[PDB]
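Engineer: Starting off with a structure, shown below.
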């Protein structure tokens, strides 16, 4: 398999890396939650916006044209065009 | 026995006619704790330079401790007075000796020692544990400095260190062996000439629960160490902390007694041979300490099991330690204290350490009386105060991939 248990997770020989951390009780919880959740969230949204906007814009433009045409067909002035279809 | 000479320096000696060999040493406090990152290791380098001088038949050695430094001239009993004069000279000419010294060889030797403590897995583990526990303060610095900072030291820095720390108010002449104290005091008085100065303020330090992981997968074992804020030499719980540590004691899997050692942790850890060896310790500095254990696990798949069981046994400290365990720990601590104070070199080192860092040294009889007074309820109160649900500091070197994150070990400290 590609993932063992804790003793051997399949990681390559790892060496020269030092990891530091502090106790949760000694660390401030939710330090910059107020500032982070605004500024960093806006940064993430800015980075990922176009990928969700361009597809959304295309699909919603297609949906809007289809919906508007459908609304137009079922009206007194759309009767003839509905009949032709 | 104490005598405050002229210049205000104090000569403290513990003379005993049964001593095999005598020793006398000048210790001027200000170990690594007095240094800062840029000039770290200067105290050890200076003490090595001083102790590298001509011995005149004695045995000069450097101390290089965390909070104090000194030069010790071990020698046979009848020669002690000569050794006295020797060290006096070595310290009356300290600035001259340092000025005339080419540090290249001494810095090479000091860097070799620094690498040595960076290779011996236990030395590395405990050095990293102390560094992370007291991170942000001078106490986190190595006793012998790092291999990067040592090469950046020069004679002038050593001279500044000596001028600041090698002063009468900050120095002590410790001695032990079989000799007349008055003779040694008189011999040193005529030869000791060190600059006046106020005792340098001892830098503060506060314990910060943390974790450091130097995971090197190429090593054959997992060398971990887990501790909590202990008791410094000042605290009245000093011997109580030693008793609490001894309740769990030492262990070596391949030792013959391994299947018979009293501590419950020892019996727990042979069932699947969780750990190869471990030892509980109460390192004590001037005002703060580290109380915990060091351990070497051979089976890389059982680091978590060992940490779990050891911290459960720590939990047992505040609840279910029985009178048998407390009595055993008291006896073992008394025997260990007596053992540490057999060699005259060790007695000299202890005298210097205590006189510099606490001002008064409790005789061994007083220590025995203080340990005997400990009741099981005292040990349990200490366990509640300092162990139960308290922050831990962790260190690991190799094959510690199984050593779970900080939260798991920390939360092991308060479950029943």
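Engineer: Starting from the eigenvalues of the Cα gyration tensor, five times each then square-rooted, give me the equivalent ellipsoid semi-axes of region B:198-416, largest first, whole Å.
Structural biologist: Details: eigenvalues 164, 86, 63 Å².
Taking √(5λ) for each Cα gyration eigenvalue gives 29, 21, 18 Å.
Engineer: Calculate the tail of P(r) for region A:5-48: the fraction of all Cα-Cα distances greater than 15 Å, expressed in %.
Structural biologist: Values: 662 of 946 pairs.
The answer is 70 percent, as a whole percent.
Engineer: State, to one decimal in nm, how far the label point of residue B:190 lies from the label point of residue B:108, with both points 7 Å from Cα in the Cβ direction.
Structural biologist: A separation of 4.0 nm, rounded to one decimal place.
Engineer: Still on this structure, please answer the following. How would you classify region B:95-249 from its alpha-carbon gyration tensor, with a ≥ b ≥ c the square roots of the eigenvalues: rounded for a/c under 1.5, else prolate if a/b is greater than b/c, otherwise oblate?
Structural biologist: The shape class here is oblate.
Engineer: For region B:1-52, what does the relative contact order come out to in percent, with C-alpha contacts under 8 Å and a separation of six or more? Intermediate values should be presented prior to the final figure.
Structural biologist: Details: 23 pairs, mean separation 9.4, N = 52.
Relative contact order, region B:1-52: 18 percent.
Engineer: Considering region B:366-416, what Rg and Dmax in Å follow from its alpha-carbon atoms?
Structural biologist: Looking at region B:366-416, its Cα Rg and Dmax stand at 16.0, 46 Å.
Engineer: Over region B:1-192, consider all pairs of different Cα atoms and compute the Kirkwood hydrodynamic radius from their mean reciprocal separation; express it in Å, one decimal.
Structural biologist: For region B:1-192, the Kirkwood estimate is 17.1 Å.
Engineer: Just to be sure I understand the model, the point goes 7 Å from the Cα along the line to the Cβ. What's the resulting residue A:56 to residue B:119 distance in nm?
Structural biologist: Result for the modelled spin labels: 6.2 nm.
Engineer: Using per-residue counts of other Cβ atoms within 10 Å, averaged over each peptide, order B:21-30, B:306-315, B:254-263 from highest down.
Structural biologist: B:21-30, B:306-315, B:254-263
Engineer: Now, a different point. Would you mind telling me the antiparallel percentage of the DSSP bridges in region B:1-192, rounded to 5?
Structural biologist: If I count the DSSP bridges inside region B:1-192, around 75 percent turn out antiparallel.
Engineer: Which FRET efficiency, nearest 0.05, do residue B:55 and residue B:336 yield, Cβ-Cβ r, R0 35 Å?
Structural biologist: 0.65
Engineer: What average count of beta carbons from other chains do you get within 10 Å of the Cβ of residues in A:3-10? Spell out each step's value before the answer.
Structural biologist: Details: counts 0, 2, 3, 9, 10, 6, 2, 0.
Per-residue shielding by partner chains comes out at 4.
Engineer: Report, to two decimal places, the Cα Rg of the protein assembly as shown normalised by 2.2 N^0.38 Å (N = number of residues). Walk me through the numbers on the way to the answer.
Structural biologist: Details: Rg = 31.2 Å, N = 501, 2.2 N^0.38 = 23.4 Å.
Normalised Rg, Cα atoms only: 1.34.
Engineer: Let me ask something else. Quantify how strongly other chains surround peptide A:14-20 by giving the mean number of their Cβ atoms within 10 Å of each of its Cβ atoms. Could the numbers behind the result be given before it?
Structural biologist: Working: counts 5, 7, 3, 4, 6, 8, 8.
Other-chain Cβ atoms within 10 Å of each residue's Cβ, averaged: 6.
Engineer: Let me ask you something else. Which stretch or stretches of region B:297-339 have amide N atoms under 20 Å from the point lying 7 Å from residue B:366's Cα along the Cα→Cβ direction?
Structural biologist: Residues passing the 20 Å test: B:333-339.
Engineer: Another one. Just A:13, A:31, A:46 to compare: in a GNM of chain A, with alpha carbon springs under 10 Å, which one fluctuates most?
Structural biologist: A:13
Engineer: Given the -39500 (n - 2.57) contribution per DSSP H run of 4+ residues, what per-residue ellipticity at 222 nm results for chain B, rounded to the nearest 500 deg cm²/dmol?
Structural biologist: Taking each H run of at least 4 residues, the total per residue is -12000 deg cm²/dmol.
Engineer: Counting other beta carbons within 10 Å of each Cβ, put B:45, B:110 in order, fewest first.
Structural biologist: Least crowded to most crowded, the residues run B:110, B:45.
Engineer: Antiparallel DSSP bridges in the protein assembly as shown: what percent, to the nearest 5?
Structural biologist: Once the DSSP bridges in the protein assembly as shown are tallied, antiparallel ones form about 85 percent.
Engineer: Take peptides A:55-62, B:149-156, B:69-76, B:361-368 and line them up by average Cβ neighbours within 10 Å, highest first, as a rough protection proxy.
Structural biologist: Numbers: A:55-62: 10.5, B:149-156: 17.5, B:69-76: 25.8, B:361-368: 14.2.
Packing order, densest peptide first, comes out as B:69-76, B:149-156, B:361-368, A:55-62.
Engineer: If you count, for each residue, the other Cβ atoms within 10 Å and average over each peptide, how do B:391-403, B:115-127 line up from highest to lowest?
Structural biologist: Working: B:391-403: 24.5, B:115-127: 16.9.
With the highest mean Cβ count within 10 Å placed first, the list reads B:391-403, B:115-127.
Engineer: Go ahead and run the numbers for FRET between residue B:257 and residue A:47, Cβ-Cβ distance against an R0 of 45 Å, rounding to 0.05.
Structural biologist: 0.10
Engineer: Next up: Mind giving me the FRET efficiency for residue A:35 and residue B:411? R0 is 35 Å, r the Cβ-Cβ distance, nearest 0.05 is fine.
Structural biologist: 0.75
Engineer: Counting every Cα pair in region B:22-136, what percent are over 17 Å apart? Mind showing how you got there, number by number?
Structural biologist: On the way: 3919 of 6555 pairs.
Pairs farther apart than 17 Å: 60 percent.
Engineer: I've got another one for you. What is the spin-label model distance, in nm, from residue B:298 to residue A:72 if the labels are put 7 Å beyond Cα along the C-beta direction?
Structural biologist: About 8.5 nm separates the two model spin labels.
Engineer: What list do you get for B:89, B:225 if you sort them by fewest beta carbons within 10 Å? Kindly include the intermediate steps, with their values, before the conclusion.
Structural biologist: On the way: B:89 17, B:225 26.
Fewest to most other Cβ atoms nearby, the residues stand as B:89, B:225.
Engineer: Do me a favour and compute the ellipsoid semi-axes for chain A from its Cα gyration tensor, root of five times each eigenvalue, largest one first, whole Å.
Structural biologist: Here the semi-axes work out to 58, 23, 11 Å.
Engineer: Hey, another quick one. Relative to the present Cα-Cα distance, how much length would full extension add between residue B:164 and residue B:218 at 0.36 nm per residue of separation?
Structural biologist: 15.0 nm
Engineer: Stretch residue B:183-residue B:16 to full length: gain in nm at 0.36 nm per residue minus the Cα-Cα span?
Structural biologist: In short, 58.6 nm is gained.
Engineer: Identify the residues of region B:198-229 with backbone N under 19 Å of a label point that sits 7 angstrom from the Cα of residue B:279 along the Cα-to-Cβ direction, or state none.
Structural biologist: Output list for this probe position: B:221-228.
Engineer: For q values of 0.10, 0.12, 0.14 Å⁻¹, compute log₁₀ I(q)/I(0) with the Debye formula on a Cα-only model of chain B, without solvent.
Structural biologist: -0.72, -1.01, -1.27
We place every Cβ from the backbone using ideal geometry, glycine too, and count neighbours over all the protein chains shown. Rule-based calculations on the coordinates, nothing more; no lab input.
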